[PDB]
Amino acid sequence: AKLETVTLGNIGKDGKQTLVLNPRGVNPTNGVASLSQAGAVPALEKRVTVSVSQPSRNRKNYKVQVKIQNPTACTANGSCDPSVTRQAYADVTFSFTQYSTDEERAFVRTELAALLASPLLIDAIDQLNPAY
Amino acid sequence: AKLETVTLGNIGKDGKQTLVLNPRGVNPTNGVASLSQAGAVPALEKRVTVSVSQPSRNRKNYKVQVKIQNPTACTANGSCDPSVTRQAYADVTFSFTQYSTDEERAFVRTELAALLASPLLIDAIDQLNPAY
Amino acid sequence: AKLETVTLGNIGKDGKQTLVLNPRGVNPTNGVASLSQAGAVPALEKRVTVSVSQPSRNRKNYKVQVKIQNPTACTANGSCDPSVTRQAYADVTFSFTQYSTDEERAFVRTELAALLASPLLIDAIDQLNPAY
Amino acid sequence: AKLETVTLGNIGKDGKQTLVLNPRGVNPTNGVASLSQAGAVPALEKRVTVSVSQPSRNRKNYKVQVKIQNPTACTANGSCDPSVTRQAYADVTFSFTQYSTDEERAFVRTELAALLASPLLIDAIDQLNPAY
Amino acid sequence: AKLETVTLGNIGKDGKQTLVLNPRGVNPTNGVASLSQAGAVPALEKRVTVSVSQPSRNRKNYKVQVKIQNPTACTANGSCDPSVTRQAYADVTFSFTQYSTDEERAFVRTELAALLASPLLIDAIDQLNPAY
Amino acid sequence: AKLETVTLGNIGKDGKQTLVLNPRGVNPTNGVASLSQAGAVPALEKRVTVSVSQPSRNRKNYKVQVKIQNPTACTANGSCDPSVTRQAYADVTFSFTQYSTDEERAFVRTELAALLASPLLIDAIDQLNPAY
Amino acid sequence: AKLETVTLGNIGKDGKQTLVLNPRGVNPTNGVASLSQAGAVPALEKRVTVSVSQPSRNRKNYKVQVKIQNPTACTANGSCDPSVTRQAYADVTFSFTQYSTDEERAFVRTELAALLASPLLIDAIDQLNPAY
Amino acid sequence: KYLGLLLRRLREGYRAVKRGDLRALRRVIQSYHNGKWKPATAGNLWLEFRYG
RNA sequence: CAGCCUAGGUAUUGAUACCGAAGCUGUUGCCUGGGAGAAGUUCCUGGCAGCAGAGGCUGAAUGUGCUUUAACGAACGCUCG
């Protein structure tokens with residue numbers, strides 16, 4: 001799982017944009033790999049983090065955490081660089097046991113991946129419509 | 001956000017299986033819709049819950065939740081009923097401000113999807129390997 | 001109500017199975033009639049209870065009970081006995097006034113049968129789907 | 001099971017009446033859905049209740065309840081209020097174990113429905129004839 | 001009371017505008033159906049909510065709440081999307097008792113309707129003129 | 001907001017009756033205008049009260065209140081003077097901001113009116129049908 | 001057996017700090033109780049152990065012991081694990097003859113309290129100065 | 001081995017607790033005081049095991 | 001306050017058995033954790049106590065605790081006819 005330039009192709013409403021998160025590094029204090037889209041302003045960039053927690057003595061459960069942050073520009077008609085106004089967050093935490101299995105791990109991965117595309121979650125996040 | 005049967009195809013490590021989750025009863029206790037394997041017994045085994053908490057005092061900041069759970073069970077050589085030996089589960093969340101816009105919500109959706117499809121997360125998840 | 005072997009047809013999911021319930025007589029203490037389906041194993045026999053309480057003192061509470069039971073065993077490896085491992089219960093209870101009349105009593109019956117066939121209870125109990 | 005106008009026909013002795021029950025929604029407390037007959041006086045509306053509780057602890061005991069209420073008033077002389085003087089009640093309760101399957105469950109329903117249609121309960125409750 | 005696209009005809013001071021509330025859903029926590037005008041930014045839509053509270057053991061009186069909120073955009077000349085500035089509240093609360101009648105309730109309905117139309121409330125709301 | 005006779009036409013289920021409301025005294029303890037049936041005694045039965053609460057340390061933020069009270073009474077067969085056996089009533093409360101505009105206030109007014117005129121509210125009120 | 005919550009006040013020189021001590025158990029060997037602050041950390045939780053003895057053989061006088069621990073809880077310690085750096089011991093020991101009186105005990109009790117409250121002992125316990 | 005012996009004596013005390021008895025529970029209590037300890041009142045199971 | 005019960009909760013091989021709180025719902029505060037964007041903060045997850053949303057039936061106090069506060073038979077007021 002070595003870090004490197006991640007290029008998400010088609011994403012968005014109409015599915016036309018693409019994202020290029022460049023490789024920042026890994027905070028070692030918490031074992032967190034990070035990726036950012038190309039820019040200059042730390043406060044104005046789409047960011048993603050991946051972390052892999054092994055079964056601690058007080059946990060005994062494997063954890064994978066993946067976060068995504070996207071800030072709004074709301075650039076003003078002058079008067080300085082833009083200002084962060086809104087911040088979209090997404091967080092996923094997958095969890096297994098020590099005798100976990102590759103296959104059902106990938107199974108859960110793909111299950112959630114296709115759920116994210118199914119029309120239910122579409123209008124559940126898209127239009128904020130309660131599942132109903 | 002209508003509830004119905006969802007057939008997610010191209011699932012798993014090689015993306016060949018398929019899962020059909022049929023609807024359930026939308027939990028009055030917390031307003032959360034539920035989907036489950038086509039059945040019969042797997043209907044009470046596999047679960048996919050979806051909820052959208054509206055802005056409130058704790059919530060500001062709409063909060064969308066998706067919890068997927070897959071219990072692995074086995075039958076001992078002599079038993080009859082299958083007992084759950086393992087339990088898979090993952091939890092995705094999107095917290096979105098009151099002024100959020102639907103375009104960016106779907107961007108977040110598609111970004112999370114494309115990352116889950118990215119080799120990086122399949123490596124760190126399916127193989128449980130810190131990105132290094 | 002003379003007891004006789006009752007033949008229930010067009011039953012099950014697809015409505016093609018049949019049940020032949022033969023009288024088990026009446027309990028002399030409980031004053032309740034019982035039927036059971038013909039089988040080799042008395043313990044594996046689908047049973048059917050019916051009770052018609054008489055009006056008590058000062059309230060009269062015209063009361064009827066119907067207790068249907070259905071077992072399902074699974075002979076374990078090495079066990080020479082099909083131990084009942086599973087049981088389904090269904091108890092219906094009708095309550096009428098001392099001035100109630102055949103008309104609405106029959107009405108209520110037909111109502112309950114119709115709902116029990118209706119789509120609502122159908123998915124309410126087949127799939128254990130809460131109604132919302 | 002989505003609530004909707006539930007229309008049951010062919011009821012009564014003759015099987016020529018029809019009931020149209022509209023959705024009354026769900027108690028957020030008991031988590032129970034409710035349906036009512038459309039009429040002028042809500043106190044004089046035929047009501048029907050559907051409840052399906054969730055797994056309990058350590059026995060887990062899936063349960064479903066249906067309550068049928070049919071009132072009937074009788075406007076007394078000098079009284080401008082059709083006071084409810086009669087009430088018919090029918091409580092149905094299904095108990096399944098968490099190993100249950102929709103096969104057996106639908107088998108239960110159909111058995112109950114056909115039993116409610118058989119001459120057995122016909123004479124048992126239409127005329128309050130204890131069975132023997 | 002099936003939810004549907006509400007197409008509200010001429011309204012406003014001169015009565016030339018038309019509004020389209022698409023059905024969002026029904027929060028079960030308090031059994032409240034919600035409609036919102038078609039848009040993207042949840043913070044900037046006109047919405048309505050309807051609740052029908054049944055007679056509790058603690059109140060024993062049917063309640064019907066109709067809440068309406070209208071936001072004002074006050075979009076700024078650049079720098080971000082508009083901000084909620086003004087917030088028009090309206091809330092109607094019909095109450096009736098268990099032996100109430102449909103004719104009575106419709107009477108109250110149309111009564112409020114035509115008073116809303118009448119010159120009095122016209123100047124009492126539009127002009128904030130004290131009834132005088 | 002002048003007080004005078006209001007002829008409220010096309011009322012009730014069929015929209016055929018009419019209500020003539022003649023003015024009352026404005027309660028100086030609270031500054032509320034009142035209207036009552038044309039009489040005679042129903043002037044002491046039906047009531048329509050109107051209030052315009054101005055900004056304050058609590059109000060800022062005008063509040064316009066319109067309360068409607070209609071008691072249904074009957075005469076016991078042998079009594080003379082009718083007693084109120086029933087009481088319907090409703091209240092509308094507009095909360096308008098200081099910089100509110102008559103355009104917006106009228107728009108909300110007509111919105112309420114026509115929603116009250118809409119199928120949704122008619123069956124949510126008359127039949128007390130929750131929106132499902 | 002002491003099972004009482006003590007809501008202390010006037011802590012520190014400023015006298016504006018307050019504390020609460022909740023019982024934690026009794027030590028059925030030496031007649032000792034235990035009380036602590038609300039929390040889950042040794043350093044953040046202050047200890048109060050009272051103990052009362054009775055004559056058996058080794059001594060002919062009572063003993064009222066009181067041990068209070070007020071550990072200094074440091075926030076920044078390399079992680080979110082507030083540890084202890086300065087342990088605050090406060091040991092009080094009494095000895096009363098079996099022919100003493102509740103009056104005499106209260107006398108010593110109040111004299112101790114008053115000396116502690118006066119500016120006499122404050123200078124020797126806080127500023128650490130001898131008797132000039 | 002001495003640790004094992006200690007744990008065995010503790011297990012005896014706990015089994016006495018589980019079966020339920022106030023006087024027989026003192027089998028181990030007499031193994032430390034080095035003296036004929038007499039009772040004073042009616043004690044309790046968990047009380048005579050938590051720190052006894 | 002005491003008791004009585006149940007409407008419900010419960011389980012049960014059905015029959016039978018405990019309780020009346022049940023139960024969940026939300027809310028007040030106590031609120032730690034674990035993980036962590038990296039935060040001039042938002043997100044993942046968690047527990048404790050309290051409040052409000054089951055019900056009535058019967059008797060006791062009219063400021064509160066309790067120990068001679070009592071029992072018998074007539075008269076009086078005083079309800080009835």
# chains A, B, ... in the order shown; residues from 1 in each chain; ligands from 1
>>> closest_atom_pairs(of="chain H", to="stretch 15-34 of chain G", cutoff="12 Å", atoms="only C-alpha atoms", output="Markdown table")
| residue | atom | partner | partner_atom | distance |
| --- | --- | --- | --- | --- |
| H:29 | CA | G:29 | CA | 11.5 |
| H:43 | CA | G:28 | CA | 9.3 |
| H:44 | CA | G:28 | CA | 9.6 |
| H:45 | CA | G:28 | CA | 10.8 |
| H:46 | CA | G:28 | CA | 9.2 |
| H:47 | CA | G:28 | CA | 5.7 |
| H:48 | CA | G:28 | CA | 6.8 |
| H:49 | CA | G:28 | CA | 8.6 |
| H:50 | CA | G:28 | CA | 7.4 |
| H:51 | CA | G:27 | CA | 6.1 |
| H:52 | CA | G:29 | CA | 5.7 |
>>> residues_around(residues="residue B:81", least_positions_apart="3", cutoff="12 Å", atoms="only C-alpha atoms (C1' of nucleotides)", output="list in words")
residues 41, 73, 74, 75, 76, 77, 78 and 84 of chain B; 72, 73, 74, 75, 76, 85 and 86 of chain C; 97, 98, 99 and 100 of chain D
>>> closest_residue(among="C:70, C:10, C:110, C:54", to="chain I", atoms="only C-alpha atoms (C1' of nucleotides)")
C:70
>>> interface_residues(of="chain I", to="chain E", cutoff="10 Å", atoms="only C-alpha atoms (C1' of nucleotides)", output="number ranges by chain")
I: 25-26, 53-55
>>> interface_residues(of="chain D", to="chain C", cutoff="6 Å", atoms="only C-alpha atoms", output="ChimeraX atom specification")
/D:1-3,8,11-13,33,52,88-96,102,105-107,110,113-114,123-124,126,129-132
>>> atom_distance(atom1="atom CA of residue H:32", atom2="atom CA of residue H:9")
11.5 Å
>>> residues_around(residues="residue H:24", least_positions_apart="2", cutoff="12 Å", atoms="only C-alpha atoms (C1' of nucleotides)", output="mmCIF file with N, CA and C atoms, in the first residue's frame")
data_model
loop_
_atom_site.group_PDB
_atom_site.id
_atom_site.type_symbol
_atom_site.label_atom_id
_atom_site.label_comp_id
_atom_site.auth_asym_id
_atom_site.auth_seq_id
_atom_site.Cartn_x
_atom_site.Cartn_y
_atom_site.Cartn_z
ATOM 1 N N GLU H 12 -10.088 -21.913 47.053
ATOM 2 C CA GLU H 12 -10.911 -22.492 48.110
ATOM 3 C C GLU H 12 -11.821 -21.436 48.724
ATOM 4 N N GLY H 13 -11.257 -20.272 49.045
ATOM 5 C CA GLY H 13 -12.079 -19.205 49.590
ATOM 6 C C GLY H 13 -13.192 -18.792 48.645
ATOM 7 N N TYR H 14 -12.869 -18.647 47.360
ATOM 8 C CA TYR H 14 -13.889 -18.246 46.398
ATOM 9 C C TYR H 14 -14.973 -19.300 46.263
ATOM 10 N N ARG H 15 -14.591 -20.577 46.246
ATOM 11 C CA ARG H 15 -15.597 -21.626 46.149
ATOM 12 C C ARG H 15 -16.495 -21.615 47.376
ATOM 13 N N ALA H 16 -15.918 -21.358 48.549
ATOM 14 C CA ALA H 16 -16.743 -21.183 49.735
ATOM 15 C C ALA H 16 -17.727 -20.039 49.531
ATOM 16 N N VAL H 17 -17.244 -18.924 48.978
ATOM 17 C CA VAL H 17 -18.117 -17.784 48.696
ATOM 18 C C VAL H 17 -19.264 -18.207 47.788
ATOM 19 N N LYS H 18 -18.937 -18.887 46.690
ATOM 20 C CA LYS H 18 -19.940 -19.254 45.694
ATOM 21 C C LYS H 18 -20.987 -20.181 46.288
ATOM 22 N N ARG H 19 -20.546 -21.208 47.017
ATOM 23 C CA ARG H 19 -21.499 -22.112 47.646
ATOM 24 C C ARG H 19 -22.353 -21.378 48.666
ATOM 25 N N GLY H 20 -21.763 -20.434 49.392
ATOM 26 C CA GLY H 20 -22.519 -19.607 50.305
ATOM 27 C C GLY H 20 -22.427 -20.094 51.732
ATOM 28 N N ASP H 21 -21.595 -19.435 52.531
ATOM 29 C CA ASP H 21 -21.503 -19.721 53.954
ATOM 30 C C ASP H 21 -20.621 -18.668 54.611
ATOM 31 N N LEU H 22 -21.024 -18.234 55.804
ATOM 32 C CA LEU H 22 -20.321 -17.200 56.554
ATOM 33 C C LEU H 22 -19.283 -17.771 57.501
ATOM 34 N N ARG H 26 -14.412 -18.993 56.785
ATOM 35 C CA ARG H 26 -13.263 -18.566 57.569
ATOM 36 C C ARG H 26 -12.152 -19.618 57.608
ATOM 37 N N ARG H 27 -12.290 -20.676 56.802
ATOM 38 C CA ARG H 27 -11.240 -21.684 56.726
ATOM 39 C C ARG H 27 -9.891 -21.039 56.456
ATOM 40 N N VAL H 28 -9.838 -20.123 55.494
ATOM 41 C CA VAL H 28 -8.597 -19.416 55.217
ATOM 42 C C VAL H 28 -8.335 -18.299 56.219
ATOM 43 N N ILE H 29 -9.380 -17.649 56.733
ATOM 44 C CA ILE H 29 -9.171 -16.569 57.690
ATOM 45 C C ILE H 29 -8.335 -17.063 58.857
ATOM 46 N N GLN H 30 -8.567 -18.299 59.282
ATOM 47 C CA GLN H 30 -7.773 -18.867 60.362
ATOM 48 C C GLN H 30 -6.349 -19.219 59.948
ATOM 49 N N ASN H 44 -21.023 -10.867 56.464
ATOM 50 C CA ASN H 44 -21.561 -11.108 55.133
ATOM 51 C C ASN H 44 -20.501 -11.778 54.275
ATOM 52 N N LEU H 45 -20.959 -12.486 53.243
ATOM 53 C CA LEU H 45 -20.042 -13.219 52.380
ATOM 54 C C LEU H 45 -19.007 -12.287 51.775
ATOM 55 N N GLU H 48 -16.652 -10.534 54.180
ATOM 56 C CA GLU H 48 -15.590 -11.343 54.759
ATOM 57 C C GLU H 48 -14.684 -11.952 53.699
#
>>> select_by_dssp(residues="stretch 54-112 of chain F", states="strand (DSSP E or B)", output="list in words")
residues 62, 63, 64, 65, 66, 67, 68, 69, 70, 71, 72, 73, 74, 77, 79, 83, 84, 85, 86, 87, 88, 89, 90, 91, 92, 93, 94, 95 and 96 of chain F
>>> write_last_selection(atoms="C-alpha atoms", output="mmCIF file, in the first residue's frame")
data_model
loop_
_atom_site.group_PDB
_atom_site.id
_atom_site.type_symbol
_atom_site.label_atom_id
_atom_site.label_comp_id
_atom_site.auth_asym_id
_atom_site.auth_seq_id
_atom_site.Cartn_x
_atom_site.Cartn_y
_atom_site.Cartn_z
ATOM 1 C CA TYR F 62 -43.700 40.807 15.502
ATOM 2 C CA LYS F 63 -46.168 38.031 16.322
ATOM 3 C CA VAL F 64 -49.632 37.974 14.714
ATOM 4 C CA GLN F 65 -52.141 35.627 16.337
ATOM 5 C CA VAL F 66 -55.519 34.516 14.994
ATOM 6 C CA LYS F 67 -57.542 32.157 17.183
ATOM 7 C CA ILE F 68 -60.802 30.489 16.171
ATOM 8 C CA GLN F 69 -63.194 28.875 18.639
ATOM 9 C CA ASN F 70 -66.421 27.079 17.750
ATOM 10 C CA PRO F 71 -68.311 25.186 20.459
ATOM 11 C CA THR F 72 -70.905 22.630 19.445
ATOM 12 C CA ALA F 73 -73.724 22.352 21.958
ATOM 13 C CA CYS F 74 -76.924 20.384 22.220
ATOM 14 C CA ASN F 77 -84.349 16.109 25.494
ATOM 15 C CA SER F 79 -83.686 20.528 29.247
ATOM 16 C CA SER F 83 -74.969 22.997 26.896
ATOM 17 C CA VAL F 84 -71.678 22.818 25.021
ATOM 18 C CA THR F 85 -70.796 19.168 24.531
ATOM 19 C CA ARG F 86 -67.958 19.850 22.129
ATOM 20 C CA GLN F 87 -65.392 22.513 21.307
ATOM 21 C CA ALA F 88 -63.278 22.854 18.184
ATOM 22 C CA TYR F 89 -60.608 25.506 17.984
ATOM 23 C CA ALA F 90 -57.474 26.420 16.085
ATOM 24 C CA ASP F 91 -54.776 29.067 16.274
ATOM 25 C CA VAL F 92 -52.495 30.584 13.648
ATOM 26 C CA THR F 93 -49.284 32.332 14.687
ATOM 27 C CA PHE F 94 -47.171 34.305 12.217
ATOM 28 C CA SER F 95 -43.713 35.249 13.500
ATOM 29 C CA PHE F 96 -42.456 38.096 11.310
#
